[PDB]
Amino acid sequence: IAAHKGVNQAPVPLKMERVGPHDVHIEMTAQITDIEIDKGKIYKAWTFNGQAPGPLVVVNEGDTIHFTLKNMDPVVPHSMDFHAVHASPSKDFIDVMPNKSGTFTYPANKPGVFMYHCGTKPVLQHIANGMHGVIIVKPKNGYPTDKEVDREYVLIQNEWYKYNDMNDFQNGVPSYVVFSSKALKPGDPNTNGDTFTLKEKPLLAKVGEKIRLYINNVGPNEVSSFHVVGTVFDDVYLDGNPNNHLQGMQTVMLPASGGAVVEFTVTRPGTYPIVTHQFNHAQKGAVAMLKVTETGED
């Protein structure tokens, strides 16, 4: 895209503020930002806020979201589709033109770990170029295992293809499959979908802890066989809905856009790989690391 040549829009922080007991404002951007998805490999991503996947959104069950998208892309329209919400797609997930903003309001009625993504046609193109992310909706009544959890992180799986190549997006294997982690609490890492950061800077935990991961496989195209090496998931809540409760799973199958809350115990010090067990994808980047120490700091 000629108007994207040389464009690298600096990341912009997500803006969120609660405006009522059940109402939250969220403002994101759509912007074009260079991301190093593998060493030496820059992808001029189509993004929300200069991150791919985009910034984490967390709201409470029953919050209505008053969402503004500021489209900084000089030429391509963009939009926002939150899987969390009940909305009219043709009214509420509509395009915002370059250099314009749009505001849309819709409720997040359901707890869980939801994909969000750009909804502009061709949706595959917008997702594959980077416009994906997660919104977590916290259950009003929690999860039954909340009191057992010592630490928690968010992980997202996505693929990267040949740059803005619709044929490859439709018909080709992913060039990279990657994890990223998005911060829930101050000091948590906040990374983009790349093949290396969560290997070189593992997530941290302490021996004996029960870890919760909020996970989503945003695709665009692949399913995920999510597995933590050296442990078993004590409890899994499919899509993060507390009712969808499995126990003792070695691996959690996630459809494209599928989410889960998974919990597991790390019993010994060491480094625990986190993979999709579709090992072609793991080999192409989709291995993160959890470093478990006696203290929980590196």
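From 1 onward, residues are counted along the sequence shown.
Of the two segments, 286-294 and 16-24, the one listed with the higher mean B-factor is 286-294 (C-alpha atoms only).
Per-stretch averaging of Cα B factors for 180-188 and 82-90 places 180-188 on top. Among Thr251, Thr267, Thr47, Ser257, the highest C-alpha B-factor recorded in the PDB entry belongs to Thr267. The residue among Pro139, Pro174, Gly133, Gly193 whose C-alpha carries the highest B-factor in the deposited model is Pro139. Ranked against the other modelled residues of its chain, the C-alpha B-factor of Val223 as given in the entry falls in the lowest third.
Per-chain ranking of the deposited C-alpha B factor places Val113 in the lowest third. Among all modelled residues in this chain, the alpha-carbon of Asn164 has a temperature factor (C-alpha) in the middle third. When the CA B factors of the chain's modelled residues are split into thirds, the value for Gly230 lands in the lowest one. In this PDB entry, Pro53 carries a Cα temperature factor that places it within the lowest third of its chain's modelled residues.
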